[PDB]
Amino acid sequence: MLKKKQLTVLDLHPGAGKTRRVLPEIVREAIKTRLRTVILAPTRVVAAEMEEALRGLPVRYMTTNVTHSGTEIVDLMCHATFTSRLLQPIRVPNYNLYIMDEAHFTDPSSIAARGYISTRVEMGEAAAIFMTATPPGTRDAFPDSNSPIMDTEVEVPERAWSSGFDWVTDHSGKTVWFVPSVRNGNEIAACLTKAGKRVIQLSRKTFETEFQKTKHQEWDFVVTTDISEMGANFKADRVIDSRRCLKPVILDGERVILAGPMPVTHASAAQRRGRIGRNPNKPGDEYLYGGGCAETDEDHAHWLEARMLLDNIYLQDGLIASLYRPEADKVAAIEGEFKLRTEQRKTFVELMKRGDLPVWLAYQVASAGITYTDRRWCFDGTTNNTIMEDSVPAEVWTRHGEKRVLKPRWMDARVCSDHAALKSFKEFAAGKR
């Protein structure tokens, strides 16, 4: 059963073998029946794990080993690559079958991809399989696992501590710890180091290049933000979960703020817990969690950002894809209201890719008719848009040979929320990329 007008949700529990056992079964059938197929991985790390599982099968990897093949049937790329080529003039094949792994990923690109795909199925042109243990709207934070898990609600620290949390360091196994922000992770990683622990810190931006150290290095703690929910694999016996995240929120339609950490969805909680309990020979991995879950995530900027991407993907004349139905009421918008014309869309795409700016911010710049390399907007905003570093106004040497205070016309706190984010924006403002 692969060629019909239907979207299948494959929702086996974490570790049941969606990526390693089921996926190759589908690819083999799609190859056999000559079905133009795309496989969508959330990250390059998952893409490499798919390659091990798919070795032997004719798959065209559109990901950074590629050897020429006369078989053109199954493509594999990241969610974000898929959506990006759909925004670009580059021609994306009209696949008969879409296979989305980790189809709960809530990056705006993944959300937009699911909207595009569900619209193609809804119109009779394709089939689709969404692989995820935690489909949108699940209220089960404690699904089944391969091995029994010990769940404990505790007070989870979010700052350095002197006393009160001895159970954290009095543990000899390996721990994955989900923190509410990169800054909080830094402060916690320094406390754990002080106590004689070996700590690796991961975030979404560093995940691709630094996750590999968790396999070629000795560690006691992985201190990380929510990137590791989707398909990160550690050999850990314990997960510590604050169950909270900073959330980017559009305030008064004019700016994005990072709103003070707010509980995660049951799906996120389930996915974090799902990093352990995966080995049937090891009962009693521990899931220690800091608070409750909430499904009130409509204030997250990524729902509107997904509409901004989807308004810019052509399907047929006068038709704009809707969000995947379980995600469609998360955002109030006018369909098409973010559609840019051809040259501004180009700028939008390039501000998001080489510029490395959040979708919301790239949209403000592109739709103002600013070209990609014109950085005068990073300095000409209102004084409440002044970016601080070490409690003083940040400054850069501009491409016009002047020292200017960083003061963007549109303010998005995600570009100055941590040291790495701000360094990156400072180089963008100076014209260095």
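Quick note: we count residues from 1 along the sequence shown, nothing fancier.
Asker: In this entry, is the chain continuous from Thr64 to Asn65, or are deposited residues missing in between (none, 1 to 3, 4 to 9, 10 or more)?
Answerer: The entry has a short gap there, with 1 to 3 residues left out between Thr64 and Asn65.
Asker: Going by the B-factors listed in the PDB entry, is the mean over the C-alpha atoms higher for 105 to 113 or for 184 to 192?
Answerer: That would be 184 to 192.
Asker: Please work out which of 349 to 357 and 251 to 259 has the higher mean CA B-factor as recorded in the PDB entry.
Answerer: Mean B over CA atoms: larger for 251 to 259.
Asker: Maximum C-alpha temperature factor per the entry, among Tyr314, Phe221, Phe142, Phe211, belongs to which one?
Answerer: Largest recorded C-alpha B-factor: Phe211.
Asker: Taking the values straight from the PDB record, which of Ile39, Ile370, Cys378, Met388 has the highest C-alpha temperature factor?
Answerer: When the deposited C-alpha B-factors of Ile39, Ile370, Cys378, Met388 are compared, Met388 is largest.
Asker: Going by what the PDB entry lists, where does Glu25 fall on CA B-factor within its chain: lowest, middle or highest third?
Answerer: As the PDB entry reports it, the C-alpha B-factor of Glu25 lands in the highest third of its chain.
Asker: Please rank the C-alpha B-factors of the chain's modelled residues and tell me whether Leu2 sits in the lowest, middle or highest third.
Answerer: Within its chain, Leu2 is a highest-third residue by C-alpha B-factor, going by the deposited values.
Asker: Can you work out whether the C-alpha temperature factor of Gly173 puts it in the lowest, middle or highest third of the chain?
Answerer: Highest third.
Asker: For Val415, return the chain-relative third of its C-alpha B-factor as stated in the PDB record: lowest, middle or highest.
Answerer: Lowest third of the chain for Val415's C-alpha B-factor.
Asker: Is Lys197 in the lowest, middle or highest third of its chain when residues are ranked by C-alpha B-factor?
Answerer: It belongs to the highest third of the chain when residues are ordered by C-alpha B-factor.
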